[PDB]
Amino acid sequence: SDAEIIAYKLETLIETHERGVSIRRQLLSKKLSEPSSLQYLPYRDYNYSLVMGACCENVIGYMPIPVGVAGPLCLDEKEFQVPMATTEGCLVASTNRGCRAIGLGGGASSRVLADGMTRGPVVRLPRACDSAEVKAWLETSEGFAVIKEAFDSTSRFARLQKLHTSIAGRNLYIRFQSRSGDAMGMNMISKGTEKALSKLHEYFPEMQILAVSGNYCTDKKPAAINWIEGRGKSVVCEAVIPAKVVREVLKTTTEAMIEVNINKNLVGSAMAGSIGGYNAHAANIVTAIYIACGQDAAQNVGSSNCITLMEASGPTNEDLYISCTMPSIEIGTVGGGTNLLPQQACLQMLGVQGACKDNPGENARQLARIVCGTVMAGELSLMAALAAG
């Protein structure tokens, strides 16, 4: 009976997933200064089977995030209705206005420049001379192949690319980079890396593997390395907004937009000492789409890297040319939070849910292009509001 059972060791004891959640809440309530705190924290009628043992632990319910829609987004001759999970007012409306200006401008074009999730472990040799020897070995075409072999043998999608190594005395940081089908790829690349390091330990028995991640990836921390070499998907997007569209939809001029972009996104960011933060609010857009689509929201740290550029275009130089370059969009359409039904619905809205069996990785690339496009719409709108004052 309910009261007779009277934490994580609940789903294993009982049988029904919701029962265990309900018991944990009642248990928790006794340990709080306000037992009625959880009154308004919903938990009923939720599919906990997909969550248990894959996405969360010690579950006591779920947090509802308002989902809005911005669009249509005219990108690469297609139209997208973009789902955005946010609690910030004006965000969805503002982004929507941006999409409008792009559509009335003939749409936006985007390109995926690079694709590759990374993992940067740190190993240490007894002496720097030894670590230097390993670096040189890793750089020989013969040393690389054996490493790519041990790395690729862990998965169908594990296809190791370039190897970026860096030395700090007897320490050696190795940045592994590989595609990962339609998955964001963190778990996959970690597995490949472990196998690859094990193989390297056989050639250099004196090598000590200090940590599978030595912050050289770099994952969820700001880093110049992600900005300069990319991580995940590097994307670029562009569009031209007609002078009339800038005055009527955005309520400003091409000249004012350009002056704000240069002195805010370029000079202002420079004065603030920014690395990769040469935009107005890409993070707002990235975060909203990530939460709605089951992405890892903590990856918004590097995923939001962006340089927004604006310039006079057209016959009379009265048209607004805009481009957004995002070198490190960490994203996926398979695994993690994308395995849940509500987030899968948002992914389906964009036509990128799950794997693309015929062209592996295409769904994730499409999603990355959508994010870059939506960021551009968001940048257009906020810059206009700042310019119009």
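Between two forms, the rigid core is the largest collection of C-alphas that superpose within 1.5 Å. When you see a residue number, it is the position in the sequence shown, counting from 1.
Open item on the list: Superpose by the rigid core and compare 95-103 with 154-162; which one moves more, by C-alpha RMS, in 7 other deposited structures of this protein?
Closed with: Result of the core-fitted comparison in 7 other deposited structures of this protein: 154-162 deviates more.
Task: in 7 other deposited structures of this protein, rigid core aligned: more displaced of 115-123 and 312-320 by C-alpha RMS - done: Taking the RMS over all superposed structures in 7 other deposited structures of this protein, 312-320 lies farther out.
Task: Chain break class for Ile6 to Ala7, judged by how many deposited residues have no coordinates - done: In the deposited sequence, 4 to 9 residues between these two have no coordinates.
Task: Mean C-alpha temperature factor, higher of 357-365 and 326-334 - done: The stretch with the larger average C-alpha B-factor is 357-365.
TODO: Decide which of the stretches 87-95 and 213-221 has the higher mean C-alpha B-factor, going by the entry.
DONE: According to the entry, 87-95 carries the higher average C-alpha B-factor.
- [ ] Select one of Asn305, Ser269, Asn171, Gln161: the residue whose C-alpha shows the highest B-factor in the crystal structure entry.
- [x] Answer for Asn305, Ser269, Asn171, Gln161: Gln161, with the highest C-alpha B-factor.
Open item on the list: Using only the C-alpha B-factors in the record, can you name which of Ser274, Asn279, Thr154, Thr118 has the highest?
Closed with: Highest CA B-factor of the listed options: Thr154.
Task: B-factor third for the C-alpha atom of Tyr290 within its chain - done: It falls in the bottom third of the chain.
TODO: Select lowest, middle or highest to describe the third in which the CA B-factor of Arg179 falls within its chain in this entry.
DONE: Answer is middle: the recorded C-alpha B-factor places it there.
Open item on the list: When the deposited Cα B-factors of this chain's modelled residues are ordered and cut into thirds, is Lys264 in the lowest, the middle or the highest one?
Closed with: Lowest third.
Task: Entry-reported Cα temperature factor of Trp227, expressed as the chain third it lands in - done: Bottom third by C-alpha B-factor.
TODO: Classify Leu386 as lowest, middle or highest third according to the C-alpha B-factor given in the PDB entry, relative to its own chain.
DONE: Middle third of the chain for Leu386's C-alpha B-factor.
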